[PDB]
């Protein structure tokens, strides 16, 4: 017996990646984390937890 | 014009004029791509499609 997930994780190109996917021809996994670290906390050192 | 001169008197005149219809035919040509046709029929659910 084991207990894992039941479904796939869903990744989809939503409203901010979809502009750079169309216009630049490059997209990114999870835009919201890249934006919330470059401009929101620019001096946050990479910690583990 | 009613004349009183020595020639034969004036008789009324009809002219038969035959007007026809000329026909003009025009065609405008349009190309549509085969990969542009194929994704008109295709099923779509993701916001990039």
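Residue numbers (the entry's author numbering), protein chains in the order written: chain X, 296 to 344; chain S, 100 to 148. Where a beta carbon is used, it is the ideal one built from N, C-alpha and C, also for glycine.
If you run the structure through DSSP and keep just helix, strand and coil, what is residue 315 of chain X?
In this structure, residue 315 of chain X counts as helix in the three-state DSSP scheme.
Given that residue 340 of chain X touches chain S, what residues does it touch there, using C-beta distances under 9 Å?
Chain S residues near residue 340 of chain X: none, gap ~35 Å exceeds 9 Å.
If you measure from the CB of residue 119 of chain S, is any heavy atom of the ligand MG nearer than 8 Å?
With respect to the ligand MG, the structure offers nothing, as it holds no ligand at all.
Measuring only the C-alpha atoms, how far is residue 119 of chain S from residue 110 of chain S?
Roughly 29 Å between the two C-alpha positions.
When the Cα of residue 327 of chain X is compared with those of X/298, X/302, X/307 and X/300, which residue comes out closest?
Per the Cα distances, X/307.
Any C-beta of chain X within less than 7 Å: which residues of the region 116-147 of chain S qualify?
Here the close residues are 145, 146 and 147.
Can you name the residues of chain A whose CB is closer than 7 Å to the CB of residue 309 of chain X?
No chain A is present in this structure, whose protein chains are X and S.
Which of the three DSSP states, helix, strand or coil, is assigned to residue 129 of chain S?
In the structure shown, residue 129 of chain S sits in coil (DSSP, three-state: anything other than H, G, I, E or B).
Residue environment, residue 325 of chain X, which counts as buried when at least 16 other CB atoms sit within 10 Å
Label assigned to residue 325 of chain X: exposed.
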